[PDB]
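Peer 1: Quick one: structure below, then a few questions.
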Amino acid sequence: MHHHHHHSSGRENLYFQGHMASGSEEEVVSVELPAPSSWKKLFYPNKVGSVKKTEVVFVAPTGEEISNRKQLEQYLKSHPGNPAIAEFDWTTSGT
């Protein structure tokens with residue numbers, strides 16, 4: 001006595017493809033700064049500081065990239081194998 005139940009109609013044909021993607025300002029300058037070889041470090045420069053400006057983005061080994069420092073810490077605790085934020089230079093832009 002177990003009684004194991006299933007349900008499968010066979011195929012799963014559906015499209016969540018209603019996103020054209022993009023729509024951001026293209027031709028924005030970015031210099032790739034040094035990093036752990038597991039990740040990649042990118043910085044978006046501009047001029048000095050009193051400008052539009054963009055912040056630091058760390059590229060992830062799986063492509064699930066990090067835009068801000070909070071997302072980095074919560075990533076590492078949710079994704080073991082990835083190196084510690086100690087060796088992640090967010091302060092490359094400052095001091």
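Please note that chains go A, B, ... in the order of the structure tokens, that every chain numbers its residues from 1, and that ligands are numbered from 1 in the order shown.
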Can you list, as a PyMOL selection string, every protein, DNA or RNA residue that comes within 12 Å of stretch 40-43 of chain A when you count only C-alpha atoms, leaving out same-chain residues fewer than 2 positions away?

Peer 2: chain A and resi 28-38+45-46+53-68+72+82-83+85+87-94

Peer 1: Put those residues in a file: N, CA and C atoms, as a compact mmCIF listing (two decimals), in the first residue's frame.

Peer 2:
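Dumped to result.txt:
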```
# COMPACT_ATOMS: atom_id res chain seq x y z
N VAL A 28 27.92 53.17 -23.53
CA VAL A 28 28.39 53.63 -22.20
C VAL A 28 29.74 52.94 -21.88
N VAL A 29 30.75 53.76 -21.55
CA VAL A 29 32.14 53.32 -21.36
C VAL A 29 32.32 52.49 -20.07
N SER A 30 33.05 51.36 -20.17
CA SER A 30 33.33 50.47 -19.03
C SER A 30 34.75 49.89 -19.17
N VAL A 31 35.53 50.01 -18.08
CA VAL A 31 36.89 49.45 -17.97
C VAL A 31 36.84 48.25 -17.00
N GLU A 32 37.32 47.08 -17.45
CA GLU A 32 37.40 45.87 -16.61
C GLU A 32 38.64 45.95 -15.71
N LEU A 33 38.40 46.12 -14.40
CA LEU A 33 39.46 46.20 -13.36
C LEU A 33 39.83 44.76 -12.90
N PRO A 34 41.03 44.55 -12.23
CA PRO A 34 41.46 43.20 -11.76
C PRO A 34 40.49 42.57 -10.72
N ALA A 35 40.51 41.23 -10.63
CA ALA A 35 39.54 40.44 -9.84
C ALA A 35 40.07 39.01 -9.57
N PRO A 36 39.36 38.21 -8.69
CA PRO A 36 39.49 36.73 -8.70
C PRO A 36 39.13 36.18 -10.10
N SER A 37 39.91 35.21 -10.59
CA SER A 37 39.75 34.63 -11.94
C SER A 37 38.44 33.82 -12.08
N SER A 38 37.83 33.48 -10.93
CA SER A 38 36.50 32.85 -10.86
C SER A 38 35.41 33.85 -11.29
N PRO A 45 33.36 53.95 -15.62
CA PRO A 45 33.87 55.32 -15.41
C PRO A 45 33.02 56.36 -16.16
N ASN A 46 33.43 57.63 -16.04
CA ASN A 46 32.84 58.72 -16.81
C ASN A 46 33.89 59.83 -16.97
N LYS A 53 27.50 59.54 -14.25
CA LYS A 53 28.26 58.46 -13.59
C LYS A 53 27.44 57.15 -13.41
N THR A 54 28.14 56.02 -13.40
CA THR A 54 27.58 54.71 -13.03
C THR A 54 28.55 54.04 -12.03
N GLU A 55 28.06 53.07 -11.23
CA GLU A 55 28.84 52.43 -10.15
C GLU A 55 29.56 51.15 -10.66
N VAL A 56 30.09 50.37 -9.69
CA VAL A 56 30.81 49.12 -9.93
C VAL A 56 29.83 47.94 -10.11
N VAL A 57 30.12 47.08 -11.10
CA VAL A 57 29.39 45.82 -11.34
C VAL A 57 30.41 44.65 -11.39
N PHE A 58 30.20 43.62 -10.56
CA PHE A 58 30.99 42.37 -10.61
C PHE A 58 30.26 41.33 -11.47
N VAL A 59 30.94 40.82 -12.50
CA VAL A 59 30.44 39.74 -13.35
C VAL A 59 30.66 38.39 -12.66
N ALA A 60 29.58 37.60 -12.59
CA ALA A 60 29.56 36.28 -11.94
C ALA A 60 29.99 35.19 -12.93
N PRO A 61 30.56 34.04 -12.43
CA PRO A 61 30.99 32.90 -13.29
C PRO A 61 29.82 32.22 -14.05
N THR A 62 28.59 32.42 -13.54
CA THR A 62 27.35 31.87 -14.14
C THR A 62 26.58 32.94 -14.94
N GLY A 63 27.07 34.20 -14.91
CA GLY A 63 26.41 35.33 -15.60
C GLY A 63 25.40 36.08 -14.73
N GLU A 64 25.08 35.53 -13.54
CA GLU A 64 24.15 36.15 -12.56
C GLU A 64 24.88 37.29 -11.82
N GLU A 65 25.07 38.39 -12.55
CA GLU A 65 25.97 39.50 -12.18
C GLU A 65 25.40 40.34 -11.02
N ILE A 66 26.30 41.07 -10.36
CA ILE A 66 26.03 41.84 -9.15
C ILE A 66 26.23 43.34 -9.44
N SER A 67 25.19 44.16 -9.19
CA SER A 67 25.21 45.61 -9.49
C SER A 67 25.64 46.45 -8.27
N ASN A 68 25.47 45.87 -7.07
CA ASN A 68 25.68 46.59 -5.80
C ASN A 68 26.19 45.63 -4.71
N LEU A 72 26.31 41.15 -3.54
CA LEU A 72 27.56 40.35 -3.53
C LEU A 72 27.55 39.42 -2.30
N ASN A 82 32.05 30.18 -4.44
CA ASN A 82 32.42 31.55 -4.86
C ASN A 82 33.28 32.22 -3.75
N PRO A 83 34.40 32.93 -4.13
CA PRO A 83 35.33 33.56 -3.16
C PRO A 83 34.69 34.72 -2.36
N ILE A 85 34.05 38.37 -0.31
CA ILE A 85 33.97 39.79 -0.73
C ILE A 85 35.20 40.60 -0.23
N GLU A 87 38.28 39.93 -1.02
CA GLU A 87 39.14 40.09 -2.21
C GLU A 87 38.41 40.78 -3.38
N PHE A 88 37.16 41.21 -3.14
CA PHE A 88 36.36 41.95 -4.14
C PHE A 88 36.52 43.47 -3.91
N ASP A 89 37.21 44.12 -4.85
CA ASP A 89 37.54 45.55 -4.78
C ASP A 89 36.39 46.42 -5.31
N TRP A 90 35.44 46.72 -4.41
CA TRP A 90 34.39 47.72 -4.65
C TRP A 90 34.97 49.15 -4.48
N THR A 91 36.02 49.26 -3.64
CA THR A 91 36.67 50.53 -3.26
C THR A 91 37.76 50.96 -4.28
N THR A 92 37.82 50.29 -5.45
CA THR A 92 38.75 50.63 -6.55
C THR A 92 38.48 52.04 -7.12
N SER A 93 37.23 52.49 -6.95
CA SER A 93 36.75 53.80 -7.42
C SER A 93 37.08 54.92 -6.41
N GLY A 94 37.13 54.55 -5.11
CA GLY A 94 37.40 55.50 -4.03
C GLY A 94 38.80 55.32 -3.46
```

Peer 1: Identify, with DSSP run on backbone atoms, the residues in chain A assigned to strand (DSSP E), and express the list as a list in words.

Peer 2: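 Of chain A, only residues 40, 41, 42, 43, 56, 57, 58 and 59 of chain A fall in strand (DSSP E).
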
Peer 1: With N, CA and C atoms retained, could you export that selection as an mmCIF file, in the first residue's frame?

Peer 2:
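Written file, result_28.cif:
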```cif
data_model
loop_
_atom_site.group_PDB
_atom_site.id
_atom_site.type_symbol
_atom_site.label_atom_id
_atom_site.label_comp_id
_atom_site.auth_asym_id
_atom_site.auth_seq_id
_atom_site.Cartn_x
_atom_site.Cartn_y
_atom_site.Cartn_z
ATOM 1 N N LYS A 40 34.712 38.286 -12.497
ATOM 2 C CA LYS A 40 35.293 39.389 -13.249
ATOM 3 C C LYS A 40 34.842 40.689 -12.584
ATOM 4 N N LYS A 41 35.725 41.675 -12.575
ATOM 5 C CA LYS A 41 35.456 43.001 -12.027
ATOM 6 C C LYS A 41 35.349 43.987 -13.180
ATOM 7 N N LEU A 42 34.234 44.695 -13.214
ATOM 8 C CA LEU A 42 33.971 45.766 -14.163
ATOM 9 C C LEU A 42 33.674 47.049 -13.371
ATOM 10 N N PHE A 43 34.168 48.165 -13.894
ATOM 11 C CA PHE A 43 33.856 49.508 -13.416
ATOM 12 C C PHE A 43 33.306 50.312 -14.590
ATOM 13 N N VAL A 56 30.085 50.371 -9.692
ATOM 14 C CA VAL A 56 30.812 49.117 -9.927
ATOM 15 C C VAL A 56 29.827 47.942 -10.109
ATOM 16 N N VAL A 57 30.120 47.077 -11.099
ATOM 17 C CA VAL A 57 29.391 45.817 -11.342
ATOM 18 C C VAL A 57 30.412 44.654 -11.390
ATOM 19 N N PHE A 58 30.199 43.620 -10.560
ATOM 20 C CA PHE A 58 30.986 42.369 -10.607
ATOM 21 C C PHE A 58 30.255 41.331 -11.471
ATOM 22 N N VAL A 59 30.945 40.823 -12.496
ATOM 23 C CA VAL A 59 30.444 39.743 -13.352
ATOM 24 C C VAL A 59 30.662 38.388 -12.657
#
```

Peer 1: Between A:50, A:15, A:5, A:39, which residue has the minimum interatomic distance to residue A:84, considering only C-alpha atoms?

Peer 2: A:39

Peer 1: Distance atom CA of residue A:48-atom CA of residue A:95, one decimal place?

Peer 2: 14.1 Å
